[PDB]
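J.: Dumping the structure here so I can ask a few things about it.
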Amino acid sequence: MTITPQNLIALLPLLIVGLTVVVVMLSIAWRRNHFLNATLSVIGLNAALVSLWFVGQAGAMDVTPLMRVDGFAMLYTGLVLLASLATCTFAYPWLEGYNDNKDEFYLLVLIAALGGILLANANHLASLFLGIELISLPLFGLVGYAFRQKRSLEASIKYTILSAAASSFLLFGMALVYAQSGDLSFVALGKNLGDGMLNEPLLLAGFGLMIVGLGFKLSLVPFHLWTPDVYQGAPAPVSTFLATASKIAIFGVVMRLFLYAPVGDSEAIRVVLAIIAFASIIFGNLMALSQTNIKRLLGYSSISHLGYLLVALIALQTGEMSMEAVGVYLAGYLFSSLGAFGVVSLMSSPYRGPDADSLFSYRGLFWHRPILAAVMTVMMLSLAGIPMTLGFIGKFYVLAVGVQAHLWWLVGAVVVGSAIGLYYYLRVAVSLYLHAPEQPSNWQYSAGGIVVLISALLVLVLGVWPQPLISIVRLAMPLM
Amino acid sequence: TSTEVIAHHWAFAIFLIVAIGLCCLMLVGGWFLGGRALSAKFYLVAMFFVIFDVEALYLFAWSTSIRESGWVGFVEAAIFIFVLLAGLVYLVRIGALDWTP
Amino acid sequence: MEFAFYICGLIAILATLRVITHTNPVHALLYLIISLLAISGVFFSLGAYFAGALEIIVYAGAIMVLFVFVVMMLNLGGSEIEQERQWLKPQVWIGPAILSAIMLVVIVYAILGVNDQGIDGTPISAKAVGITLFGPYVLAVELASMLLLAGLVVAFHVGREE
Amino acid sequence: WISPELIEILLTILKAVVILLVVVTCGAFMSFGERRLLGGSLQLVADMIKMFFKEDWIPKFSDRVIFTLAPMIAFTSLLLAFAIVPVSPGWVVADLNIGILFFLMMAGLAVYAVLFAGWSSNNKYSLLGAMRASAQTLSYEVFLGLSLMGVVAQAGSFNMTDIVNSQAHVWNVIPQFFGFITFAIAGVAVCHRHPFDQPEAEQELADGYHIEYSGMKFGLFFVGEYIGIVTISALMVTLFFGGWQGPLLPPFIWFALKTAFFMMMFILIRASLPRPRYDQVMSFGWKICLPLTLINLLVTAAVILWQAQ
Amino acid sequence: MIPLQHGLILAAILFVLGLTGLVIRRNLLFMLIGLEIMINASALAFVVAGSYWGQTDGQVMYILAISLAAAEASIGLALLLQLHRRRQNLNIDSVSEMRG
Ligand SMILES: CCCCCCCCCCCCCCCCCC(=O)OC[C@H](COP(=O)(O)OCCN)OC(=O)CCCCCCCCCCCCCCCCC
Ligand SMILES: CCCCCCCCCCCCCCCCCC(=O)OC[C@H](COP(=O)(O)OCCN)OC(=O)CCCCCCCCCCCCCCCCC
Ligand SMILES: CCCCCCCCCCCCCCCCCC(=O)OC[C@H](COP(=O)(O)OCCN)OC(=O)CCCCCCCCCCCCCCCCC
Ligand SMILES: CCCCCCCCCCCCCCCCCCCC
Ligand SMILES: CCCCCCCCCCCCCCCCCCCC
Ligand SMILES: CCCCCCCCCCCCCCCCCCCC
Ligand SMILES: CCCCCCCCCCCCCCCCCCCC
């Protein structure tokens with residue numbers, strides 16, 4: 001249908017981010033200035049958040065055959081925009097250490113934020129595909145932004161080849177689904193079936209190939225092997241964005257797809273996702289046991305945490321509180337990953353050139369950077385599901401949802417994987433406070449420090465008193 | 001299944017077949033008869049051609065249905081064309097398309 | 001209209017089979033262009049006229065030109081792989097071919113048993129695709145432009161000479 | 001074996017082959033006309049005999065398939081792009097609903113002749129020169145299609161006969177003057193005509209891609225070049241100058257007169273307008289002609305939607 | 001008259017061959033070639049599905065697919081150029097620095 005002005009005021013985050021991309025590009029074409037383009041990008045993302053407020057002043061409706069805007073889309077749009085703003089704030093000093101052009105970074109961050117918003121509002125297979133690609137391609141650029149480095153270039157090549165393979169798998173899956181079901185909308189996948197014939201082999205095959213593509217995109221086993229190499233090789237703000245915004249947006253569109261589709265309540269797909277979640281939790285927690293590099297450790301951490309989220313997704317159409325479980329867990333995991341990768345980025349900033357190493361060396365961090373050590377030990381405790389932290393609130397949400405749906409294998413998997421997580425997270429958290437033998441002064445570095453400090457304080461306070469977050473997430477309900 | 005459409009199909013087939021056969025047979029007559037005895041700016045311009053050709057195909061799809069899309073389609077294609085022109089101006093100004101620096 | 005579809009599909013299959021088992025990059029790209037022409041013939045046999053038109057205009061006329069362009073620029077003349085040719089020794093290719101054959105037979109088992117009235121072959125003209133493109137698919141067009149802009153920026157940032 | 005569907009399909013086959021032979025003979029005649037202005041048919045026949053009976057030599061260090069395939073592309077691309085042009089009512093080869101889209105496929109395939117010739121000519125200078133030439137042809141094929149899309153917007157469809165019928169009252173040269181000049185520039189650039197004849201003349205590390213082509217493959221390049229400008233002129237006629245529509249003369253006579261006029265105009269701007277630099281060609285294309293096509297398409301859309309009651 | 005299953009089987013065969021060439025070929029250019037075969041096979045499957053149902057959505061899906069294919073081709077060839085520039089070698093197994 002046509003686009004009414006009400007649909008246009010519901011379009012405000014997308015339009016504001018697109019206008020920000022155009023304005024930043026024209027400012028680059030005027031004169032290559034790092035500070036002005038960084039300011040323009042962060043102004044556009046903050047204006048997109050205020051536009052989210054103005055969207056909430058309006059209603060929830062289907063703006064296109066493609067997009068549906070509701071509180072679900074608002075929550076995921078807000079998470080994606082917060083991740084993008086944090087990525088810009090962390091990337092400014094790291095780009096201050098850079099030699100080449102340093103505004104295409106902000107252009108790509110804006111375009112990937114736009115793709116995240118599009119995945120938040122996606123109600124169509126075309127919209128899902130386009131949002132996935134609009135996340136992926138600026139990440140192809142940003143992962144290999146320091147292409148002179150060996151690690152960054154090989155991370156870029158690995159991510160490019162594997163994501164092109166995943167997008168081809170996903171696209172063939174939706175081709176098979178559209179061959180089975182005559183409509184490409186989310187609500188009509190399996191509509192023309194009855195008398196228990198929901199297990200159409202072509203529909204199941206198509207959804208399996210989309211499961212392959214999304215399980216690449218969500219770092220789910222057995223499409224998980226790319227995660228630590230790309231996380232380690234990428235620049236640290238790019239690792240922040242790739243851990244937070246891409247995972248949040250892709251998992252939101254996965255939840256919306258499985259909620260709206262009549263084939264979401266299929267026992268074959270449910271058992272396959274149960275196997276994938278069990279393997280994801282166990283494999284990520286087991287593989288993060290013996291990691292000395294913090295970025296690979298956080299990659300396997302991301303695999304395990306997405307396994308917990310996928311466990312919460314398996315109980316989507318049996319329980320009722322799965323939506324708010326995933327929302328609470330994703331807010332907590334976003335703030336945890338923001339704090340951890342922000343500490344990593346702040347001690348890897350400014351950039352030291354393509355020849356110098358980018359090792360973190362977290363041991364004895366308290367004796368020269370006490371505030372960042374306190375922040376990172378808070379985030380390490382939060383990722384472990386330790387009480388007095390928000391990650392525990394998300395963990396408790398996942399456990400309650402799994403218990404409610406009688407998923408006892410997944411509940412035991414969460415228990416075991418949390419024990420392994422306890423081991424390696426506390427190893428890092430206590431290695432922060434030991435004694436190290438051996439191995440700034442600008443307001444943007446202080447801004448990044450304030451960002452990770454605020455994230456840690458939010459994690460602590462919302463771990464002690466998680467009611468406001470639950471209240472906010474609970475009213476962010478999609479269309480019934 | 002009219003006689004005009006099948007006549008045009010056979011005429012087009014005969015045109016293609018006779019043309020390619022004429023080129024191939026004249027090369028065969030040439031061969032059989034007669035006795036015997038880098039810079040990366042090129043990648044940049046080819047890449048720009050690829051991207052701008054895909055945006056061109058979008059305008060190809062738009063142009064054949066300008067009447068049926070109305071002024072709303074004009075606004076959408078104007079936004080498309082403005083984004084395309086902003087990218088082109090960016091490429092021109094930051095020296096991607098300047099062949100002699 | 002069916003004989004054309006079957007012969008073009010056979011040509012496409014044989015051409016990509018020659019593509020994945022060839023060593024000269026220019027020959028591989030030439031057989032790939034041949035398969036793209038065959039798949040455009042498949043599109044025209046099905047009535048998707050605009051799809052075949054963009055297949056030859058863009059896929060076999062812009063992207064493969066870029067692939068040929070890069071092949072001539074890097075000048076591959078037997079850089080330690082044309083002298084090795086691992087994909088012909090069976091220990092490299094039997095396993096992946098077995099896996100691909102298993103996936104093919106699973107997908108083919110999924111394809112069969114699905115109801116089929118046949119493809120009519122009625123021509124879906126380019127004006128209908130244009131109407132749908134700028135009608136119920138507005139944001140798809142605008143953010144496809146945004147995606148191509150992103151690809152432009154990243155490919156310039158990586159591939160520039162300096 | 002007498003029936004009038006068979007008679008009709010044989011008449012249309014005869015029309016198609018007559019069109020093809022007239023096109024190839026007019027291309028050869030233009031080759032002689034350019035050679036002379038800068039028995040005549042007997043001299044062309046003697047030339048063809050010389051190219052037939054000279055030995056066709058392939059370099060030992062060159063790929064035979066690519067070297068043999070490049071002149072076939074240079075001929076057959078625009079020689080098949082002619083097939084959409086209606087020269088008379090009832091005398092069109094194919095009434096495709098894609099039309100100028102089919103012409104665009106043939107131009108996109110036509111760039112492969114230059115690329116293949118440059119790669120198969122085993123020489124660094126020939127490779128560099130042909131790579132510059134292919135870069136230029138891509139830089140002008142980037143807006144050839146949109147320069148036609150203005151006329152597609154005005155006519156409302158891709159079909160050739162529909163465009164000609166929409167050219168009944170006013171020829172689209174008058175409203176689409178900018179589309180006409182951009183299509184003329186891009187067509188004169190695609191077929192490697194003057195001004196943009198040899199881009200390798202600006203640098204001595206580059207050589208022509210026509211070198212190492214000797215005898216009958218060189219003849220294929222030459223005749224395909226002139227056939228390409230035959231069909232470029234015919235498409236310019238059928239897209240901007242009424243096609244076969246005129247007040248007094250028979251329609252084929254009008255089409256032939258317009259096509260011959262553009263033929264001599266292409267000969268003239270070979271003979272007159274001098275050589276610009278290579279970076280000047282690139283800058284002019286990428287910074288003038290593509291935005292001109294975009295703005296012309298926007299203005300055409302605004303005018304069309306304004307004049308829609 | 002053409003069955004939908006035959007078009008889908010052809011698309012599946014092309015996708016399978018593209019993935020085979022993606023896996024078995026060490027050269028990065030041939031991985032990109034296999035990726036192009038896979039994405040074009042998926043686009044062909046979408047066109048076949050649209051042509052069976054008589055809807056214009058299949059060709060729109062094709063257009064989005066080839067836009068992605070063009071942009072990812074640009075990325076793949078730019079990264080191939082950077083690899084050939086900094087390593088003078090298209091070896092995809094050799095530059096494997098980060099490992100578990
Ligand atoms: C009586 C039966 C019924 C009741 C069952 C109750 C279960 C819960 C209570 C019991 C939990 C037992 C946990 C045993 C391991 C304790 C952790 C430990 O020993 O950590 C130290 C050890 C490292 O020590 P070291 O070998 O010096 O260092 C090498 C590393 N470079 O670390 C390591 O070697 C690696 C540690 C990895 C993480 C901890 C191990 C988790 C294993 C699964 C835990 C859940 C078990 C559930 C029940 C299973 C059946 C009993
Ligand atoms: C012969 C054995 C093999 C010999 C070597 C290979 C030569 C090329 C073979 C493939 C191309 C020719 C196939 C035969 C086509 C004959 C015409 C035909 O069947 O037309 C039917 C149909 C007409 O259109 P429609 O209106 O849909 O039909 C309704 C009928 N009243 O038509 C259609 O709907 C569309 C017809 C197909 C699309 C146009 C042609 C595409 C050509 C692709 C060539 C690819 C490269 C081949 C290279 C070969 C050498 C390596
Ligand atoms: C060494 C050989 C290499 C390969 C050379 C080419 C191989 C094929 C040659 C034989 C072709 C046989 C005839 C094919 C069918 C002709 C008729 C046809 O295309 O009909 C289908 C359709 C009709 O449309 P219409 O009549 O307007 O609508 C009716 C409603 N359905 O019309 C259409 O759909 C029109 C669109 C299809 C047009 C295809 C044109 C040829 C494409 C290949 C060009 C190859 C160039 C040289 C090689 C390049 C490098 C390899
Ligand atoms: C409730 C929050 C729990 C996690 C934060 C913990 C960090 C708080 C601030 C840092 C204090 C560190 C003190 C370390 C003292 C080490 C002494 C070693 C020699 C005996
Ligand atoms: C390598 C780590 C493995 C961890 C495995 C954790 C297993 C936890 C215990 C699972 C128990 C499942 C019991 C299922 C009973 C189902 C009864 C159904 C009755 C209708
Ligand atoms: C039928 C006559 C209508 C006249 C008024 C037309 C102008 C008002 C409506 C404009 C709607 C434009 C929607 C454009 C959406 C672009 C989205 C871009 C995302 C980056
Ligand atoms: C450069 C001109 C190329 C023209 C190619 C096609 C030639 C077709 C000739 C057709 C002749 C008959 C046309 C219909 C009858 C009207 C004219 C009658 C007297 C010739």
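Order determines the names: the first chain of the structure tokens is A, the second B, and so forth; residues in each chain are numbered 1 upward, and ligands are numbered 1 upward as they are shown.
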Kindly provide, as a compact mmCIF listing (two decimals) with N, CA, C and O atoms, in the first residue's frame, the residues of chain C having any atom no farther than 9 Å from an atom of chain D, counting only C-alpha atoms.
T.:
# COMPACT_ATOMS: atom_id res chain seq x y z
N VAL C 26 40.64 -17.14 -16.98
CA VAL C 26 39.90 -16.52 -18.07
C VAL C 26 38.94 -17.51 -18.70
O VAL C 26 37.81 -17.16 -19.06
N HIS C 27 39.36 -18.77 -18.83
CA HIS C 27 38.46 -19.81 -19.32
C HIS C 27 37.31 -20.05 -18.35
O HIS C 27 36.17 -20.28 -18.78
N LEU C 30 34.93 -17.23 -18.82
CA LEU C 30 34.22 -17.36 -20.09
C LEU C 30 33.11 -18.40 -20.00
O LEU C 30 31.99 -18.16 -20.46
N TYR C 49 10.92 -11.77 -18.10
CA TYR C 49 11.71 -11.10 -19.12
C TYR C 49 12.71 -10.12 -18.51
O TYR C 49 13.86 -10.04 -18.94
N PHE C 50 12.27 -9.38 -17.49
CA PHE C 50 13.15 -8.41 -16.85
C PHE C 50 14.30 -9.08 -16.12
O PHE C 50 15.41 -8.53 -16.08
N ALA C 53 16.83 -9.91 -18.74
CA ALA C 53 17.41 -8.67 -19.22
C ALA C 53 18.46 -8.14 -18.26
O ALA C 53 19.56 -7.75 -18.68
N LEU C 54 18.17 -8.16 -16.95
CA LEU C 54 19.17 -7.74 -15.98
C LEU C 54 20.27 -8.78 -15.79
O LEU C 54 21.36 -8.43 -15.32
N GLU C 55 20.00 -10.04 -16.12
CA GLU C 55 21.03 -11.06 -16.07
C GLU C 55 22.12 -10.79 -17.10
O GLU C 55 23.31 -10.92 -16.80
N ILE C 56 21.73 -10.40 -18.31
CA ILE C 56 22.77 -10.16 -19.30
C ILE C 56 23.30 -8.73 -19.21
O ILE C 56 24.49 -8.49 -19.47
N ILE C 57 22.47 -7.77 -18.80
CA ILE C 57 22.93 -6.39 -18.72
C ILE C 57 23.92 -6.21 -17.57
O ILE C 57 24.95 -5.56 -17.72
N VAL C 58 23.64 -6.83 -16.42
CA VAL C 58 24.37 -6.55 -15.19
C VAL C 58 25.26 -7.73 -14.78
O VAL C 58 26.46 -7.56 -14.55
N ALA C 60 26.15 -10.70 -16.38
CA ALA C 60 27.10 -11.08 -17.40
C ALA C 60 27.65 -9.88 -18.16
O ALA C 60 28.31 -10.06 -19.18
N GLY C 61 27.37 -8.66 -17.71
CA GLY C 61 27.83 -7.49 -18.41
C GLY C 61 28.47 -6.43 -17.54
O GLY C 61 29.08 -5.50 -18.06
N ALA C 62 28.31 -6.53 -16.22
CA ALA C 62 29.02 -5.65 -15.31
C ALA C 62 29.88 -6.41 -14.30
O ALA C 62 31.06 -6.10 -14.15
N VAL C 65 32.52 -8.55 -16.04
CA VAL C 65 33.52 -7.64 -16.57
C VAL C 65 34.50 -7.24 -15.47
O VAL C 65 35.71 -7.16 -15.70
N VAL C 68 36.80 -10.31 -14.87
CA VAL C 68 37.79 -10.39 -15.94
C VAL C 68 38.83 -9.29 -15.78
O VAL C 68 40.03 -9.50 -15.98
N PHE C 69 38.37 -8.10 -15.38
CA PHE C 69 39.23 -6.95 -15.20
C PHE C 69 40.28 -7.21 -14.13
O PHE C 69 41.47 -6.95 -14.31
N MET C 72 42.84 -9.92 -15.36
CA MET C 72 43.90 -9.34 -16.18
C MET C 72 44.82 -8.42 -15.39
O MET C 72 46.00 -8.31 -15.72
N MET C 73 44.31 -7.77 -14.34
CA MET C 73 45.18 -6.88 -13.58
C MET C 73 46.17 -7.65 -12.70
O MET C 73 47.34 -7.28 -12.63
N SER C 125 5.97 -8.75 -17.49
CA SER C 125 6.73 -7.71 -18.16
C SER C 125 7.48 -6.85 -17.15
O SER C 125 7.26 -6.92 -15.94
N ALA C 126 8.39 -6.02 -17.67
CA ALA C 126 9.20 -5.16 -16.82
C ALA C 126 8.40 -4.02 -16.20
O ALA C 126 8.82 -3.47 -15.18
N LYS C 127 7.26 -3.66 -16.79
CA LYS C 127 6.45 -2.59 -16.20
C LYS C 127 5.74 -3.07 -14.94
O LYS C 127 5.57 -2.28 -14.00
J.: Do you know which residues are within 7 Å of ligand 1 using only C-alpha atoms and all ligand atoms? Can you write them as number ranges by chain?
T.: A: 289, 415-416, 419-420, 422-423
J.: Output C-alpha atoms of each residue in that selection to a file, as a PDB file, in the first residue's frame.
T.:
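Now in selection-v7.pdb:
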ATOM      1  CA  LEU A 289      38.285 -22.508  28.884  1.00  0.00           C
ATOM      2  CA  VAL A 415      23.636 -24.955  34.441  1.00  0.00           C
ATOM      3  CA  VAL A 416      26.729 -26.748  33.094  1.00  0.00           C
ATOM      4  CA  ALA A 419      29.756 -23.452  35.629  1.00  0.00           C
ATOM      5  CA  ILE A 420      32.357 -23.351  32.836  1.00  0.00           C
ATOM      6  CA  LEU A 422      32.228 -19.140  36.102  1.00  0.00           C
ATOM      7  CA  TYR A 423      35.679 -20.677  35.696  1.00  0.00           C
TER       8      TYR A 423
END
J.: Show me a table, sorted first by chain and then by increasing residue number, of the residues of chain B having an atom at most 12 Å from chain A, each with its shortest atom pair and the distance in Å to one decimal, counting only C-alpha atoms and written as a tab-separated table.
T.:
residue	atom	partner	partner_atom	distance
B:69	CA	A:2	CA	10.3
B:70	CA	A:2	CA	10.9
B:71	CA	A:2	CA	11.3
B:72	CA	A:2	CA	8.2
B:73	CA	A:2	CA	9.9
B:75	CA	A:3	CA	11.3
B:76	CA	A:3	CA	10.6
B:79	CA	A:19	CA	10.4
B:80	CA	A:18	CA	11.4
B:82	CA	A:22	CA	9.1
B:83	CA	A:22	CA	7.0
B:84	CA	A:22	CA	10.0
B:85	CA	A:22	CA	10.2
B:86	CA	A:26	CA	6.7
B:87	CA	A:25	CA	7.4
B:88	CA	A:29	CA	9.9
B:89	CA	A:29	CA	7.0
B:90	CA	A:29	CA	4.7
B:91	CA	A:29	CA	7.7
B:92	CA	A:29	CA	8.1
B:93	CA	A:29	CA	5.3
B:94	CA	A:29	CA	5.9
B:95	CA	A:29	CA	9.4
B:96	CA	A:29	CA	11.0
J.: Go ahead and write the residues just picked, C-alpha atoms, as an mmCIF file, in the first residue's frame.
T.:
data_model
loop_
_atom_site.group_PDB
_atom_site.id
_atom_site.type_symbol
_atom_site.label_atom_id
_atom_site.label_comp_id
_atom_site.auth_asym_id
_atom_site.auth_seq_id
_atom_site.Cartn_x
_atom_site.Cartn_y
_atom_site.Cartn_z
ATOM 1 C CA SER B 69 3.463 5.180 -10.002
ATOM 2 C CA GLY B 70 2.306 8.778 -9.650
ATOM 3 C CA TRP B 71 3.969 11.560 -7.709
ATOM 4 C CA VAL B 72 4.809 9.262 -4.783
ATOM 5 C CA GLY B 73 6.971 7.154 -7.083
ATOM 6 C CA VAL B 75 9.439 11.295 -4.703
ATOM 7 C CA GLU B 76 10.914 7.831 -4.066
ATOM 8 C CA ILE B 79 15.364 10.301 -3.090
ATOM 9 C CA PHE B 80 17.107 7.420 -4.902
ATOM 10 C CA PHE B 82 19.718 12.240 -4.761
ATOM 11 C CA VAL B 83 21.496 9.459 -2.846
ATOM 12 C CA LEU B 84 23.132 8.365 -6.114
ATOM 13 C CA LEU B 85 24.240 11.929 -6.884
ATOM 14 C CA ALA B 86 25.534 12.422 -3.334
ATOM 15 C CA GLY B 87 27.662 9.300 -3.726
ATOM 16 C CA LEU B 88 28.873 10.513 -7.122
ATOM 17 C CA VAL B 89 29.765 13.962 -5.744
ATOM 18 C CA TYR B 90 31.563 12.297 -2.824
ATOM 19 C CA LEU B 91 33.597 10.116 -5.209
ATOM 20 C CA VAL B 92 34.443 13.110 -7.404
ATOM 21 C CA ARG B 93 35.449 15.387 -4.535
ATOM 22 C CA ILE B 94 37.587 12.980 -2.502
ATOM 23 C CA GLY B 95 39.599 12.107 -5.597
ATOM 24 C CA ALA B 96 38.321 8.631 -6.470
#
J.: Residues of chain E within 8 Å of chain A, counting only C-alpha atoms - could you list those as an MDAnalysis selection string?
T.: chainID E and resid 8 31:32 35 38:39 41:43 45:46 48:50 52:53 61 64:65 68 72 75:76 79 82:83 86 95:100
J.: Just to be explicit: take each residue in the selection above, keep N, CA and C atoms, and write the result as a tab-separated table (two decimals), in the first residue's frame.
T.:
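Okay, part-v6.tsv is ready:
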chain	number	residue	atom	x	y	z
E	8	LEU	N	13.23	-25.74	-9.85
E	8	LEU	CA	13.85	-25.75	-8.53
E	8	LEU	C	15.00	-26.75	-8.45
E	31	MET	N	37.08	-19.11	-5.13
E	31	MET	CA	36.06	-19.01	-4.08
E	31	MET	C	35.05	-17.92	-4.40
E	32	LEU	N	35.51	-16.78	-4.90
E	32	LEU	CA	34.58	-15.71	-5.28
E	32	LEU	C	33.71	-16.13	-6.46
E	35	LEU	N	31.08	-18.34	-5.09
E	35	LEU	CA	30.09	-17.51	-4.40
E	35	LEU	C	29.12	-16.88	-5.38
E	38	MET	N	26.69	-19.51	-6.50
E	38	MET	CA	25.69	-19.79	-5.46
E	38	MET	C	24.62	-18.71	-5.39
E	39	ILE	N	25.03	-17.43	-5.39
E	39	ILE	CA	24.03	-16.37	-5.26
E	39	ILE	C	23.17	-16.27	-6.52
E	41	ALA	N	22.39	-18.87	-8.39
E	41	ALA	CA	21.49	-20.01	-8.32
E	41	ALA	C	20.32	-19.73	-7.38
E	42	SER	N	20.59	-19.05	-6.26
E	42	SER	CA	19.51	-18.66	-5.36
E	42	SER	C	18.55	-17.68	-6.04
E	43	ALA	N	19.10	-16.73	-6.80
E	43	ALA	CA	18.26	-15.79	-7.53
E	43	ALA	C	17.43	-16.48	-8.61
E	45	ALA	N	16.38	-19.57	-8.36
E	45	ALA	CA	15.33	-20.25	-7.62
E	45	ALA	C	14.20	-19.30	-7.26
E	46	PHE	N	14.54	-18.06	-6.88
E	46	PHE	CA	13.51	-17.07	-6.59
E	46	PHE	C	12.71	-16.72	-7.84
E	48	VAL	N	12.19	-18.68	-10.46
E	48	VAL	CA	11.34	-19.84	-10.75
E	48	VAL	C	10.12	-19.85	-9.84
E	49	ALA	N	10.33	-19.57	-8.55
E	49	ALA	CA	9.22	-19.54	-7.60
E	49	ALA	C	8.23	-18.43	-7.93
E	50	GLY	N	8.73	-17.26	-8.33
E	50	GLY	CA	7.84	-16.18	-8.73
E	50	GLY	C	7.10	-16.48	-10.02
E	52	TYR	N	6.23	-19.45	-11.12
E	52	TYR	CA	5.18	-20.43	-10.88
E	52	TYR	C	3.92	-19.78	-10.33
E	53	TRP	N	4.07	-18.87	-9.38
E	53	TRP	CA	2.93	-18.23	-8.75
E	53	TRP	C	2.42	-17.02	-9.52
E	61	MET	N	12.89	-9.90	-5.83
E	61	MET	CA	13.87	-10.65	-5.05
E	61	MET	C	15.15	-10.88	-5.84
E	64	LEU	N	17.11	-7.51	-5.80
E	64	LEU	CA	17.82	-7.33	-4.53
E	64	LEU	C	19.01	-8.29	-4.42
E	65	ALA	N	18.82	-9.53	-4.89
E	65	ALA	CA	19.89	-10.53	-4.88
E	65	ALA	C	21.08	-10.09	-5.71
E	68	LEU	N	23.02	-7.22	-4.05
E	68	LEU	CA	23.94	-7.76	-3.05
E	68	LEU	C	25.12	-8.45	-3.71
E	72	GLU	N	28.96	-7.38	-3.01
E	72	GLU	CA	29.87	-8.36	-2.42
E	72	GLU	C	30.95	-8.78	-3.40
E	75	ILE	N	33.50	-6.06	-2.88
E	75	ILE	CA	34.27	-6.37	-1.67
E	75	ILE	C	35.25	-7.51	-1.89
E	76	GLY	N	34.80	-8.60	-2.51
E	76	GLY	CA	35.66	-9.75	-2.70
E	76	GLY	C	36.85	-9.44	-3.57
E	79	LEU	N	39.29	-7.04	-1.67
E	79	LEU	CA	40.08	-7.78	-0.69
E	79	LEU	C	41.08	-8.70	-1.37
E	82	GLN	N	43.92	-6.42	-2.30
E	82	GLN	CA	44.74	-6.09	-1.13
E	82	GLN	C	45.61	-7.27	-0.71
E	83	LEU	N	45.06	-8.48	-0.78
E	83	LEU	CA	45.84	-9.68	-0.48
E	83	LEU	C	46.97	-9.88	-1.48
E	86	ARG	N	49.71	-7.16	-0.65
E	86	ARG	CA	50.54	-7.30	0.54
E	86	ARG	C	51.20	-8.66	0.67
E	95	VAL	N	47.63	-17.52	4.73
E	95	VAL	CA	47.40	-16.41	5.65
E	95	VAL	C	46.24	-16.90	6.52
E	96	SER	N	46.61	-17.54	7.63
E	96	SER	CA	45.65	-18.15	8.55
E	96	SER	C	46.10	-17.91	9.98
E	97	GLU	N	46.45	-16.66	10.30
E	97	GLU	CA	47.25	-16.35	11.48
E	97	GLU	C	46.50	-16.66	12.78
E	98	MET	N	45.25	-16.22	12.89
E	98	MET	CA	44.48	-16.48	14.10
E	98	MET	C	43.88	-17.88	14.06
E	99	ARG	N	44.13	-18.65	15.11
E	99	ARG	CA	43.62	-20.00	15.24
E	99	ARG	C	43.34	-20.28	16.71
E	100	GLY	N	42.55	-21.32	16.96
E	100	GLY	CA	42.13	-21.66	18.31
E	100	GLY	C	43.24	-22.10	19.23
J.: Could you please tell me, as an NGL selection string, which residues of chain D have an atom within 6 Å of chain B when using only C-alpha atoms?
T.: :D and (9 or 12-13 or 16 or 52-56 or 93-94 or 142 or 153 or 156-157 or 216 or 279)
J.: Check which residues fall inside 7 Å of ligand 2 when counting only C-alpha atoms and all ligand atoms, and print them as a PyMOL selection string.
T.: (chain B and resi 1+6+9+13) or (chain C and resi 1-5+7-8+11+34-35+37-38+40-42+44-47+121)
J.: Rounded to one decimal in Å, what is the spacing between atom CA of residue 21 of chain D and atom 38 (C, counted along the ligand's line) of ligand 3?
T.: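 About the pair atom CA of residue 21 of chain D and atom 38 (C, counted along the ligand's line) of ligand 3: they are 20.0 Å apart.
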J.: Using only C-alpha atoms, which residues sit within 7 Å of residue 81 of chain E once same-chain residues fewer than 4 positions away are excluded, as a list in words?
T.: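 The contact residues come out as residues 159 of chain C; 77 and 85 of chain E.
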J.: As a PyMOL selection string, list the residues of chain B assigned to helix (DSSP H, G or I) by DSSP on the backbone atoms of this structure.
T.: chain B and resi 3-32+41-63+66-93
J.: Could the residues that lie within 8 Å of ligand 7, counting only C-alpha atoms and all ligand atoms, be listed as a ChimeraX atom specification?
T.: /D:15,18-20,22-23,26,87-91,230,234,250-253,255-256,259-260
J.: Could you pull out the residues sitting within 10 Å of ligand 4, using only C-alpha atoms and all ligand atoms, and write them as a PyMOL selection string?
T.: chain A and resi 366-367+370-382+387-389+429-430+432-435+456-457+459-461+464
